[PDB]
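# Topology and contacts: notes
Next come the chains, spelled out residue by residue.
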Amino acid sequence: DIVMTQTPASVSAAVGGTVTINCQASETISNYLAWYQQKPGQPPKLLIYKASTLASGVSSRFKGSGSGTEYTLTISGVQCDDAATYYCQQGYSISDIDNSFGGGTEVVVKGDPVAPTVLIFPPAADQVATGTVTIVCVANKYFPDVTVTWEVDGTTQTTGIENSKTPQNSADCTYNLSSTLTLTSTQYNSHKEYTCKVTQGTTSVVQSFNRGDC
Amino acid sequence: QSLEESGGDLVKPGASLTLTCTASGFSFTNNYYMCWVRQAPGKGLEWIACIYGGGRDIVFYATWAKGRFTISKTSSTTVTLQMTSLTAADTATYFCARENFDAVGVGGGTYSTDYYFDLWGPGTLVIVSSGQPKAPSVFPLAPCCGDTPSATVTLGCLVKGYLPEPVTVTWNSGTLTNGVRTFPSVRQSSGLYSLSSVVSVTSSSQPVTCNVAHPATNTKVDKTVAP
């Protein structure tokens, strides 16, 4: 009803840099706007209320501003430790609304580039009798983002793939990624070469194994 | 002052379920609304409902909740959220939150505005699915046995096919933490979750054991992994 729109959905900034996040309301909320920070596995924490008032305890690096229907959160001296999702929340009305929160904005902090260390893990011997086989590839400790490709006997895999990336390391901004390929046991035994390819810009690390040898 | 939600559970589509939020260090008064807020895996915060802490019965609901969820105060330190006709789309972590407000105007004529949340519980997990509970299978992760060994090595455990979340993974009963990387869980097409955890170990410094707990099925698996 009063709908809150945050843009962009994601934003990036170098360490020491400053990033700004916007919150638009579909009608004035007379400056009743709060900002929260949320890291994975935790409840949101209050940063700012009434658009520009710092919550007791929070760093003055966080600045809220704006009025009417346009609001902003600014973060200065961006640290890897600020990587998180930020939400605005209109506090004007809770009568006849869908959601008081905006959709959120991810903040990505660009630290120093690090190339991934890439490992592949063939299935343990007991997996295949379960009727399902699960192959794991990990890209450890890297920035910026990587892309993963799987190949089976030289054919790009296009299904059965699940990727999972950890939050940015609070000290050095890096990610860890796992990529899992799942096949039926019939599919698994009908092929030989299993390949995980991790690409970072113009560099790729390729790890393989052959069903027979494991 | 802290809050603690409870009552999350795995239930089938169509089921009802009641959550409870209990307050410590304060009790409900006309100085606060108590509220519920949810968050589906990988999604945003969604306000659900607020109930006035004072004597008057005043409740507000998100337009998608009124008719299907009910919030009540069951004591000076407990509010519940009764949910009916649940679907997979109601799968989420459910937070209880305390809400501050400004009284504005004069009356009976005064109204609440300037709402913001100043206190949150850790949340309780609700899972709505056709599938029944399932304890995880744990498989070792190690380099191909065909490959030439090496002093320094990373090993792991694959924790596959459990429901509901969560599982927790430690290594060597928690005495190994450096070099440990545990990935967020993924929901597979099957509707079952899986995750992995790997640890980079210097040499034959230790046998490493991953400790996997699945509280929902009262399960703990220790798996000793070697190459």
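Residues numbered from 1 in each chain as written, not as in the entry; some residues may be left out. Chains lettered and ligands numbered in written order. Heavy atoms only, no water.

### A few points about the domain arrangement of chain A
Residue and element names in this part refer to chain A. Here is the rule we go by: Annotation comment: domain bounds sourced from an automatic or database domain assignment. Working rule for contacts: check all heavy atoms of both residues, and any pair within 4.5 Å makes them a contact. Buried area is understood as the total, over both parts, of accessible area removed when two parts are fitted together, assessed with a 1.4 Å probe. The term salt bridge refers to a side-chain nitrogen of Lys or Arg lying within 4 Å of a carboxyl oxygen of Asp or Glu. In the analysis that follows, any N or O atom pair within 3.5 Å is treated as a polar contact, provided that within protein one partner can donate a hydrogen and the other can accept it, and provided that, for residues neighboring in sequence, both atoms belong to side chains. Three classes are used: nonpolar for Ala, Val, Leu, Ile, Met, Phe, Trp, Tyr, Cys and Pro, charged for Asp, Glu, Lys and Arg, and polar for all others, with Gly counted as polar.
Split into domains, chain A comes out as domain 1 (1-111) and domain 2 (112-211). On a C-alpha basis, the centres of domain 1 and domain 2 stand 35 Å from each other. Facing the ten residues of domain 1 at the interface are eleven residues of domain 2. Area buried by domain 1 at its contact with domain 2 is led by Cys80, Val108 and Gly111, which between them contribute 57% of it. Linking domain 1 to domain 2 there are zero salt bridges. The interface formed by domain 1 and domain 2 includes one residue pair in polar contact. Across the side of domain 1 that touches domain 2, the residue classes break down as seven nonpolar, one polar and two charged.

### What to know about the domain arrangement of chain B
Residue and element names in this part refer to chain B. Splitting chain B by domain gives domain 1 (1-130) and domain 2 (131-227). Put simply, the middle of domain 1 and the middle of domain 2, counted by C-alpha atoms, are 35 Å apart. Listed per partner, the contact involves six residues of domain 1 and seven residues of domain 2. Carbon and sulfur atoms supply 59% of the area buried between domain 1 and domain 2, which totals about 610 Å² over both sides. Linking domain 1 to domain 2 there are zero salt bridges. Our enumeration of links across domain 1 and domain 2 arrives at one residue pair in polar contact. Partitioned by chemical class, the residues of the side of domain 1 that touches domain 2 number three nonpolar, two polar and one charged.

### Let's talk about the state of the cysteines
All names here are of chain B. The condition is simple: The disulfide criterion is simple: two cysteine sulfur atoms within 2.5 Å. Counting from the N terminus, the helices are the DSSP runs of H or I reaching at least four residues and the strands are the DSSP runs of E reaching at least two. Three exposure classes are used, based on accessible area relative to the maximum for each residue type with a 1.4 Å probe and protein chains only: buried under 20%, partly exposed in between, and exposed over 50%.
Counting across every chain of the model gives seven disulfides over all chains. With a sulfur-sulfur separation of 2.1 Å, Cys35 is cross-linked through a disulfide to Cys50. Disulfide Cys35 to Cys50: torsion about the S-S bond roughly 105°, handedness right-handed. Pair noted here: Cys35 is in strand β4 (residues 33-39) and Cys50 is in strand β5 (residues 46-52), with a separation of 15 residues, a long-range link. By relative accessible area, which is 0% here, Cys35 ends up buried. At a sulfur-sulfur separation of 2.1 Å, the disulfide partner of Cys157 is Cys210. Disulfide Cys157-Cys210: torsion about the S-S bond near -95°, hence left-handed. Here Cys157 is found in strand β13 (residues 153-162), whereas its partner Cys210 is found in strand β18 (residues 208-214), with 53 residues between them in sequence.

### Quick look at the interface of chain A and chain B
If you look at the interface, chain A gives 49 residues, while chain B gives 42 residues. For the pair chain A and chain B, the two sides together bury roughly 3800 Å², of which 63% comes from carbon and sulfur. One can count zero salt bridges joining chain A with chain B. Within the residue set of the side of chain A that touches chain B, elements represented by two or more residues are β4 (33-38), β5 (45-49), β9 (84-90), β11 (117-121), β12 (132-142), β15 (161-165) and β16 (175-184) of chain A. Residue composition of the side of chain A that touches chain B, by class: 22 nonpolar, 19 polar and eight charged.

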